[PDB]
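Q: quick one: initial chain(s) of a complex, as found there:
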Amino acid sequence: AXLX
Amino acid sequence: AXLX
Amino acid sequence: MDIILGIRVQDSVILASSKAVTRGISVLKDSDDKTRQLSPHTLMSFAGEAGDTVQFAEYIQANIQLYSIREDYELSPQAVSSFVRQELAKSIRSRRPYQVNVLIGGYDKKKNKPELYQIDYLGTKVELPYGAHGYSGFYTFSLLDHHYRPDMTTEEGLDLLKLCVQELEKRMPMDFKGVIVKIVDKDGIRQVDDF
Amino acid sequence: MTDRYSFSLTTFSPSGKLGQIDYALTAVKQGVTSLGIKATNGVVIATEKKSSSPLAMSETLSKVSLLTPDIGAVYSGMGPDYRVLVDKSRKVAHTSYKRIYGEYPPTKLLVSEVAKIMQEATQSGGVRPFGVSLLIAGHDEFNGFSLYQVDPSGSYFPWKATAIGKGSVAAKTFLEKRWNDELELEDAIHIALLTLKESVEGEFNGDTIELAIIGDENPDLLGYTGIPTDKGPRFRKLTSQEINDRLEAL
Amino acid sequence: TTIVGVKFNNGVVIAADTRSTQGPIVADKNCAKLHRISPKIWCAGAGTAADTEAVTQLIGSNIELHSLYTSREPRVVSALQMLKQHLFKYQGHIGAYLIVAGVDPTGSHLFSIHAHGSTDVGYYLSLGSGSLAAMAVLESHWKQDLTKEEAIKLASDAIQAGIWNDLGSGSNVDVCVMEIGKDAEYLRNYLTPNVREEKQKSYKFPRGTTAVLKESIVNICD
Amino acid sequence: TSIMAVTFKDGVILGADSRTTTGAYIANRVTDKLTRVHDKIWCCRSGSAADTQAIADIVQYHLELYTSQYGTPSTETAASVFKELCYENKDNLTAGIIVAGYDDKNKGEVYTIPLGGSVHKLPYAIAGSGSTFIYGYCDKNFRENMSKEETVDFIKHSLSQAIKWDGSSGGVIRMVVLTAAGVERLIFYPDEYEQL
Amino acid sequence: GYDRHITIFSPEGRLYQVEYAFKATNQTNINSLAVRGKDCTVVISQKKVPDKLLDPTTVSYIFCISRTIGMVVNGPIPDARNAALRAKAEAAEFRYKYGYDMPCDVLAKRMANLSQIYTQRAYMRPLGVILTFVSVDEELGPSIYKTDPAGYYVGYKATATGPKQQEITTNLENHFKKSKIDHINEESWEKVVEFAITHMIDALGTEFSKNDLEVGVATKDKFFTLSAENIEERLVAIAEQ
Amino acid sequence: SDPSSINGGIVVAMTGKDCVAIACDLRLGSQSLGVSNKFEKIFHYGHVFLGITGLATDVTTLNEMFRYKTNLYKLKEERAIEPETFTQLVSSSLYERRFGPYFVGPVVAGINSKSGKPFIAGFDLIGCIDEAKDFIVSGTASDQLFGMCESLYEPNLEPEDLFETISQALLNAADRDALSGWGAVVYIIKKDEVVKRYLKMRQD
């Protein structure tokens, strides 16, 4: 899932 | 189950 | 548990059920009756997980007997079988499902027909001329496919059953200590005493 | 703390009347007149927008409400009770129908649901009945056009035409003279506008009359194109201007 | 799936291919991955097919009720917030991957939502198994200040990259155009570049070919 | 991610890269990781995009409600609300958050909240995957009471390096300036910061 | 007559508890008024500090509900603050759930529905208050919406509330009759406040010092109240007129 | 241990000129053991037909459930449910069990009695609607059915032609699957007569  |  | 069969002939339903109860490397008992009378013209045999089997059978028996008293009437075999199926179909999605398989043999007095229902622990119901649960079916279904005729008498039915028990005593790995046989017809439920 | 009123506030008196329902109907009697007329190709529902102060802006207070794209309602009685019933009616069209069948409920069934809600306020603990009567005009594919009246008791009835509130007795009589089974929708609008003048005191124009129809599908009101089986809402509120156009040829 | 969204001058456009897959098998050659949340807010969905349909209808329903309650035209950011908070609550188990777009009193908007519930803003976006093929095209041809017709071309070009180059995408291109001040136009099967060729032979059988055991009239009546 | 917040003479500056990843694929190259929870209280987000957004939305909501009832909340208070969320939901959250704000009493303040939900008040703070590569640099180059231009340079140079070495960082460098004068958004593009 | 103690119907179809709740509305003996400019919405209300021991700054019936919504109450203060806290909670929740600022009219509807419930469900009493909500809505422009204990609400060109309300109302109607428009045709909120104070003076036939009034202004993107000094500045300019 | 292939079986549906056909096999087994030769998988609710493949207990349960729901629908609405509507009800009902589903592959077929249009649809176990002009397939021999249908099918077949086509798709798919077969039933559905034919097929 989209990480930062 | 069908995916898109 | 292990062996339960049923054959429906012209005028009755015959249930045969093994007598052994085994835990570990010990046969604890050789005279176990794997059956409960649900109503005077309906009989249910059962096999599966230890404890679960009797608990389930007695619970259905209690419910059907309650209905009988309440309405002063006997539920048809088809109706009882549908009740039983629903109970198992609920159970299969519970926290702990009943692991029990049953055969329901009954004489419908409105129709004057014998009826045999095979229901597994998932709630899978089928009406059949002959039925079995567990590994038993792997010998008997084919044998019965061969020897069974729709119009057999109760005596012809019992001989056909002797064939099934003989085959199972020849080829099955376990000693199931014989079967108790019971006949369900227009006059109710009775037990054959020498098999 | 919390609601310790778990017993009914509406009970049978020794004569068999249910007091609070009767009293609620009395509140409806006091209410401003509203009516509905069923034509062959439409239904019209109308009422007077009787303003509280002239500083009030009465377009901000809608007495005739869209429930579904094919169903509308109007009322007589207590406004706030009606407002929350519309909220509840809109929602139940979705939760207990559209979210199940993928289409909007037919008129009788939505009406049926509103009635259920109103019946419960008649028997549940700690509440009073709703102080309103509704008229619900609607269309559905298999029933066509229909008009229903719902009362505080939860009872509903299908009508060719009727009126409720203040001058309902007079207005119902007027409608028996004029109604026939051959009315084209424009004729029903006209009759509704005549019937409503009897019961309005002051100004009688498109700013004091609220009036809506259930008629033809309005593609121009849909908001989008490209699904040819979606044809648009049959419910339409007439504008201030549209009403005044019909008042000069009165 | 392949799906995209592209902003233009007066609005926003979304597009999607039309293939549904059950493992390697094509379950549906022409399903609609463009969903109407409200008349001028549309959604394209990739991921678990039932999830994207169900989550899109639920929020569409609640948006309708909200629009009625407030006497206002629905905003895209409301669909966005409702969708994202729902998806977040379900910790990823509802497998909906969405590009949300529309016009509302505030302007024109373009967003994406991943199944765990994070949202993104941009002028051009793509999601689905075909998203890299599409994004390669978008990164190559997108510019600031596209006209409506440029935006449509760009979008369907991006979907085409997915159709040809991704095994998860095929068949047709659906488009939806949401311009400010105008009705949304939903262009179902805008492009149909995968028409089956004429078959070589007709397999229609001699009547009586199939062996029958029994007939009977079925009673559908009352 | 690469993120940081730095206090200086007139207040505080927040900075961040603009990269979001889905494995080694860049899902978004122009992300805004610097998020407002109040007029002059902002945060930098790292970790899960979904977790950090959900958290920031709740905190914004709490502080809006705080404001309505008791006036402007302190930066310390905002950091406390982040903590409460991060600490109490530590099993289900992947959120590394820096909180930065400007009071008129307190000037600039920075609170960093790492994975377990502990709170740490610092002169400056760095975080995100890319931060590992600039501990050396930042410790060597930070001083207190820098000017606005010095602080923009410190952040620009630091994040430049983090972006250079970290594959999970990139795109543009965004900054948010927080002083008595208001709120200023800065942006610096690759062609500028890369060759520093 | 137990139909007089709880919110059930009387034989004439009335709700006495609701009617009596309206009477508590005037318990404080304050009058309020609201008008709309081109760019703003102004609400003024009388400020009466009887006791010399009170801290006059803590005596207020105007509330900042959200960044954009203000609300003035006519009624006792405990009920007023109860209603304000709820409104503040509802406006914050709306923003979080739906991603945009709650519109003045929707908040009014929501508080009206809450009041409606107290008129129908027995265990809850109505609040003895009338709530006037004001904002410059991003869709609708300057806005005034008002709620009462019956659960009724509506939008206004302008409005007033309190014991001497009818005086102020007709004063305002007479102005709009003459002006022929919906609002105060004025550029700056400073002058709209001046108009509001001026017409309150004529209708009530009384003069005001800076500590007799209380003023709230709503502009695009903030609602704020004035200090004693911003009001003094405003009283001064009316005098030089 | 895969519930969708413990019992076995298949369902196929097709449209023709002013008709639809829907067919299933009759097998019910427990893995390798065939148990019943009379287990039909197609049911009807007025003029709307539903076929269900998958776990037999759920097949039975869902039939009982949709009988219930359509009976109440009829009583309240005063008309028979139409295929477009029934399709939606199936979808709702399955998705309601999203995280503990029925292990089934349902198929709907019938003619809308207002518009006369033939209508078919298929669903996954959690309610996804697949509407199609041509054919829908389901069960343990679905790959084979897809193959048979995609090559044998042509639009606008007359009812007696459509019968041959759907029967040949079913039979030849069943014969390449160990878990399907043991008999078959075909329903030909026209605007108001419905013929039901039992096919003769290999019993292995």
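A: Looks like it came in fine. Numbering: from 1, shown residues only, chains lettered A, B, ... in the order given.
Q: Got phi/psi on residue C:166?
A: When read as degrees, to the nearest 10, the backbone of residue C:166 gives phi -60, psi -50.
Q: ok, how many other residues are close to the closest residue in space to residue D:34 that isn't next to it in sequence?
A: Nearest-residue entry for residue D:34: residue D:47, 3.6 Å, with adjacent residues in sequence omitted and distances by CB to CB, 6 or more residues apart in numbering or on different chains. C-beta: built from backbone N, CA, C; applies to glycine. Other residues near residue D:47 come to 28 when the count uses other CB atoms under 10 Å in any protein chain shown.
Q: again with the one 3 residues further on
A: The local packing count at residue D:50 equals 15, with neighbours defined by other CB under 10 Å.
Q: quick one: contacts for it?
A: By CB atoms under 8 Å, 6 or more residues apart in numbering or on different chains, the contact list for residue D:50 reads D:32, D:208.
Q: Which strands or helices does the helix ranked longest in chain F pack on?
A: If each helix of chain F is counted by residues according to DSSP state H, the longest one is helix F:49-70. Packed against helix F:49-70 by the contact rule (3 or more CB pairs under 8 Å, 6 or more residues apart in numbering or on different chains; DSSP states H and E) you find helix E:76-89, strand F:34-38, strand F:41-47, helix F:75-88, strand F:95-102, helix G:77-98.
Q: got the ones you listed as a markdown table, with distance to residue H:200 and mean neighbour count columns?
A: A markdown table is the format used below for those (distance: least, CB to CB, whole Å; neighbours: other CB atoms under 10 Å in any protein chain shown):
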| stretch | distance to residue H:200 | mean neighbour count |
| --- | --- | --- |
| helix E:76-89 | 52 | 22 |
| strand F:34-38 | 71 | 20 |
| strand F:41-47 | 65 | 26 |
| helix F:75-88 | 69 | 19 |
| strand F:95-102 | 67 | 28 |
| helix G:77-98 | 63 | 18 |
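Q: Append chain I to the structure above:
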Amino acid sequence: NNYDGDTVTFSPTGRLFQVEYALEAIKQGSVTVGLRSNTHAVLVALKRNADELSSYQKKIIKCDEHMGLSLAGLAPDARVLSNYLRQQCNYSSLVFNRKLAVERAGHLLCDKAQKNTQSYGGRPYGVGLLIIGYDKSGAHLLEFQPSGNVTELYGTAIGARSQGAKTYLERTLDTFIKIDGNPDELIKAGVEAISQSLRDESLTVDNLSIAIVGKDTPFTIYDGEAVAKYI
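A: One more chain to add, chain I, which I have set with the ones above:
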């Protein structure tokens, strides 16, 4: 009168009549006395019987090694409240390894009683209690009434004709307050105080009940032959 239907109703002069009627069962109760020095604290209670065939109802209940009480009024209500005290003392030990301050015991009882004076359906407690104990700040005596009012005193008494003893204690104050390091003298004074409240009866061996707690004495209760020493 119209305002005594329940506890949730104030009268027009601001009274709570159910609470006042609860106070009344205390007045019908057999007399009991508390008093203390700086080293000990003593309870004396007159026990009442049904007739000559019956036992004499206990009026003293141990709460902990350092605390206990006497009751006047409804006995089951003392059982409920003394049981709550046992728990509260207990919780203080298990959790903080701390003997519960007699003052806190006071505050805890007040707050328990008060809840039953503000909510519909409940009812006030119908018993008065005298609590003695020895803690980190010395000997204590408390008076509890079911209005929730609790009061710390050198001495007091409650029940029927308690006004005799309460007067006696009021004059005796300067004497008994300084009976330090002498258990039997403090008790003697207590027994004398209670005697000022007798009428047509005097203290027998199965009629009198005494308890003491202090510096190096755990709260203990004396009945029967163990009180003969004091008659």
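Q: let's see what packs on helix F:49-70 again after adding chain I.
A: Packing partners of helix F:49-70 (3+ CB pairs under 8 Å, 6+ apart): helix E:76-89, strand F:34-38, strand F:41-47, helix F:75-88, strand F:95-102, helix G:77-98.
Q: Which single residue of chain D ends up nearest chain E?
A: Nearest residue of chain D to chain E (CB to the nearest CB) works out as residue D:223 at 2.6 Å.
Q: quick one: that residue and residue E:182 touch, right?
A: No. Residue D:223 is beyond contact range of residue E:182, at 9.9 Å (criterion: CB atoms under 8 Å).
Q: Residues that sit against both of these two, list them.
A: The overlap between the contact sets of residue D:223 and residue E:182 (CB under 8 Å, 6+ apart) is empty.
Q: tally of neighbours for residue 92?
A: This is for chain C. 18.
Q: could you do chain H instead?
A: Counted with other CB under 10 Å, residues neighbouring residue H:92 total 17.
Q: Next, it: secondary structure please.
A: Under DSSP: H, G, I helix; E, B strand; the rest coil, the three-state class of residue H:92 is helix.
Q: does the closest residue to it other than its chain neighbours count as helix, strand or coil?
A: Leaving aside its sequence neighbours, residue H:92 sits nearest to residue D:100 (CB to CB, 6+ apart; 5.0 Å). Recorded secondary structure, residue D:100: helix (three-state DSSP).
Q: Would you check how far apart residue D:100 and residue H:89 are?
A: From residue D:100 over to residue H:89 the distance is 6 Å, taken as CB to CB, to the nearest Å.
Q: how about the residues of chain F near chain E?
A: F:20, F:25, F:27-28, F:30-32, F:48-50, F:53-54, F:92 (CB under 8 Å from any CB of the partner chain).
Q: Out of those, who's the most crowded?
A: For these, the largest neighbour count, defined by other CB under 10 Å, is 29 neighbours, found at residue F:49.
Q: got a list of what the residue most central in space within chain I touches?
A: In chain I, the residue lying closest to the centroid (CA atoms, centre = their mean) is residue I:130, at 1.9 Å. Counting by CB under 8 Å, 6+ apart, residue I:130 makes contact with I:32-34, I:43, I:69-70, I:141-144, I:156-158.
Q: Chain J follows; place it on the structure:
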Amino acid sequence: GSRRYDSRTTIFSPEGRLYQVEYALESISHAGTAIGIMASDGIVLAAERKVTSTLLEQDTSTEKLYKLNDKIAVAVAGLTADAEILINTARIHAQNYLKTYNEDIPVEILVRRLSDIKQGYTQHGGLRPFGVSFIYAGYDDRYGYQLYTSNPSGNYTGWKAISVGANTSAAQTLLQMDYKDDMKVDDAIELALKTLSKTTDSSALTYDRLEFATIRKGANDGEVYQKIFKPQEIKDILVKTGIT
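A: Once chain J is put in with the chains from before, the structure reads:
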């Protein structure tokens, strides 16, 4: 507290009657009369509408006669809204039985559960009873054709013929007079209409003030059909027996 405003709906009078049940029954006695008559070959339900206006939409209307399942219908006297609440319950209960046993619910069993629901509102929960009496008409293969009634007490009994609502005294006397066991359906149709004709508080019985239903074996062979009469069909049956 709130005890002040509690009518105590579920108590006994000093005579051992249930006030609210009695008063509910009193309410029902002013409702449109409904009649059930049972023949050997079918059942009739006939009921009089609460006095019409000429503007009422009479064909798309239902106020008196409701379908419970395919084999069972009821006739209502009392509050319509109360009755619908119970009707949907009964409809659902029928379907649960079918789903459970794969057999249509026996008429008595359905009637007993509804009556058991009513009984509950008279013994616990402090709510007002339902102001409704039902005539149940149905068929099952145990007892064949059956008529029952239930009232707000939740007591139920079975009948060859019965009336509920207004003027049941006069109506019961008239049914007693002309009813006979061997009766056919078409005779019972006539008896029902003649009885309403004589007990009506209206000037004369017309099609537009009636609802009418039969339950016959008069479909095809050993199975049963419910016919809810359209207005035009009532107008005809009113001529056919010479009441108009």
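Q: please look at the contacts of residue I:130 again, because chain J has been put in.
A: Counting by CB under 8 Å, 6+ apart, residue I:130 touches I:32-34, I:43, I:69-70, I:141-144, I:156-158.
Q: what's the most distant pair in those residues?
A: Across the contacts of residue I:130, the longest distance by CB to CB is 14.6 Å; it joins I:33 and I:144.
Q: Could you check which of those two is surrounded by more residues?
A: A direct count of neighbours by other CB under 10 Å for residue I:33 and residue I:144 places residue I:33 higher, at 33 against 26.
Q: Next, that one: secondary structure please.
A: strand.
Q: gap between it and residue I:168?
A: From residue I:33 across to residue I:168, the span is 9 Å (CB to CB).
Q: between these two, what contacts are shared?
A: Common neighbours of residue I:33 and residue I:168 are listed as residue I:193 (criterion: CB under 8 Å, 6+ apart).
Q: mind checking the end-to-end distance for stretch J:94-113?
A: For stretch J:94-113, the first-to-last residue distance is 10 Å (CA to CA, to the nearest Å).
Q: same thing with stretch G:210-225?
A: 13 Å.
Q: which residues touch it?
A: Residues outside stretch G:210-225 that contact it (CB under 8 Å, 6+ apart): G:39-49, G:56, G:60-62, G:64-70, G:72, G:134-136, G:138, G:142, G:189, G:193, G:196-197, G:226, G:228-232, G:234-235.
Q: and with 7 Å instead?
A: Contact with stretch G:210-225 is made by G:39-47, G:56, G:60-62, G:64, G:67-70, G:72, G:134-136, G:189, G:193, G:197, G:226, G:228, G:231-232, G:235, as judged by CB atoms under 7 Å, 6 or more residues apart in numbering or on different chains.
Q: One more: stretch F:74-90?
A: Residues outside stretch F:74-90 that contact it (CB under 7 Å, 6+ apart) are F:37-38, F:41, F:55, F:58-59, F:62-63, F:93, F:95, F:97, F:99, F:101, F:103, F:106, F:109, F:111, F:113, F:116-117, F:119.
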